[PDB]
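These notes are about the structure you will find just below.
Every chain is numbered from 1, with letters handed out A, B, ... down the list of sequences. Any value given below was found using the heavy atoms of this structure, including those in side chains, with hydrogens, waters and symmetry copies removed.
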2 protein chains.
Amino acid sequence: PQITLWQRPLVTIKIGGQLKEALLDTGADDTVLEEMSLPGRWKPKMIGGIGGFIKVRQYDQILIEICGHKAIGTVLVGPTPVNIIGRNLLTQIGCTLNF
Amino acid sequence: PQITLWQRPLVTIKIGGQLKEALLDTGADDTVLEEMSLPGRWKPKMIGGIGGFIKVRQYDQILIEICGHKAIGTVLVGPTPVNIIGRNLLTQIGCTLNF
Ligand SMILES: NC(=O)c1ccc(S(=O)(=O)N(Cc2ccc(C(F)(F)F)cc2)[C@H]2CNC[C@@H]2N(Cc2ccc(C(F)(F)F)cc2)S(=O)(=O)c2ccc(C(N)=O)cc2)cc1
Ligand SMILES: [Cl-]
Ligand SMILES: [Cl-]
């Protein structure tokens with residue numbers, strides 16, 4: 001796809017067999033999803049946002065599909081304003097910025 | 001240009017006679033810069049995300065040069081940890097997401 005930015009770049013993802021809406025956010029280093037259940041063990045992670053640093057749960061090697069493109073990578077789970085697909089998975093699906 | 005997301009998409013901008021480094025951020029609705037002086041009227045606003053909200057000053061119809069591209073729009077000013085170019089100005093330089 002070519003996605004313009006006149007509206008928020010909201011796309012459908014699939015994780016855990018479920019469809020969700022998520023934002024493609026080139027300013028996010030990481031992928032951060034709203035509270036959900038994921039398999040396996042998690043590790044602690046601190047992330048810095050606009051308002052401060054917060055604790056999230058880090059899950060590694062998770063299957064996730066983004067606009068139909070398959071990815072397997074790290075997913076953080078915590079109190080985020082919206083599901084965010086950040087650069088760790090945008091790089092996997094081959095996303096670039098162009099102007 | 002075609003900008004990779006292996007690293008943060010950092011570029012040089014010029015605003016108010018100052019050269020600054022800023023993040024091209026598709027998850028930000030509006031542009032947010034670190035504390036600086038700008039001309040004209042402003043109004044307060046709150047913006048938020050992980051970690052909570054911050055108060056910013058909203059200036060409209062500001063000129064910014066981004067990679068040689070001149071773009072006019074709203075700039076929010078406040079205690080952001082990084083200078084952010086948001087969608088409101090990315091559209092003006094014809095920036096898209098591509099995968
Ligand atoms: N309403 C607006 O005009 C607006 C709202 C929020 C922001 S933002 O400043 O929160 N922002 C830019 C930003 C902030 C901080 C960083 C830092 F990592 F360097 F600290 C980098 C970039 C947001 C857009 N890109 C990321 C950042 N966050 C996500 C976010 C917030 C609010 C919205 C919403 F839809 F509600 F408006 C969407 C997206 S963040 O701050 O929550 C964040 C999240 C994850 C990570 C990470 N490491 O993966 C980092 C930061 C900008 C404009
Ligand atoms: Cl990853
Ligand atoms: Cl366009």
Scored by heavy-atom pairs under 4.5 Å with chain B, the best of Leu24(A), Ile47(A), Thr4(A), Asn88(A) is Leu24(A)
Is the backbone of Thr26(B) close enough, under 3.5 Å, to the side chain of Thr26(A) for a donor and an acceptor to pair up by distance? yes
Determine the minimum heavy-atom distance between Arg87(A) and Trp6(B), stating which atoms define it. NH1-O, 3.2 Å
Taking atom CD of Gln18(B) as the centre, report whether more than 12 heavy atoms of other residues, nucleotides or ligands fall under 6.0 Å from it. yes
Smallest heavy-atom separation, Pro9(A) atom then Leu97(B) atom, equals CB-CD1, 4.0 Å
I'd like to know whether CD of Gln61(A) has more than 12 heavy-atom contacts from other residues, nucleotides or ligands below 6.0 angstrom. no
Excluding sequence neighbours, so at least two apart, what forms salt bridge (charged side-chain N to carboxylate O under 4.0 Å, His left out) with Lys70(A)? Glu65(A)
Walk me through it: do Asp25(B) and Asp25(A) pass the test side chain to side chain contact (heavy atoms under 4.5 Å, CB included)? CA-CA 6 Å; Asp25(B) 191 331; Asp25(A) 191 342; 2.8 Å; yes
Tell me which one of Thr96(A), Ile93(A), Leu90(A), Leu89(A) satisfies side chain to side chain contact (heavy atoms under 4.5 Å, CB included) with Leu5(B). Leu90(A)
Min side-chain heavy-atom separation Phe99(A)-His69(B) under 4.5 Å: yes
Is there a path of hydrophobic side-chain contacts, each under 4.5 Å between heavy atoms, that joins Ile64(A) and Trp42(A)? yes
Can you tell me which of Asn98(B), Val32(B), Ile54(B), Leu23(B) forms the most heavy-atom pairs within a distance under 4.5 Å of chain A? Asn98(B)
Toward chain A: residues of residues 75-85 of chain B with heavy atoms under 4.5 Å: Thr80(B), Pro81(B)
Are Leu63(A) and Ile66(A) grouped together when hydrophobic residues (ILVMFWY) are joined by side-chain heavy atoms under 4.5 angstrom apart? no
Choice from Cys95(B), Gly52(B), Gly94(B) maximising heavy atom contacts with chain A below 4.5 Å: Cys95(B)
When you compare the side chain of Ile50(B) with that of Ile50(A), does any pair of heavy atoms fall below 4.5 Å? no
Shortest non-hydrogen contact between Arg8(A) and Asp29(B), atoms and distance: NH2-OD2, 2.7 Å
Report whether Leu10(A) and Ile15(A) are members of the same hydrophobic cluster (ILVMFWY, side-chain heavy atoms less than 4.5 Å apart, transitive linking). no
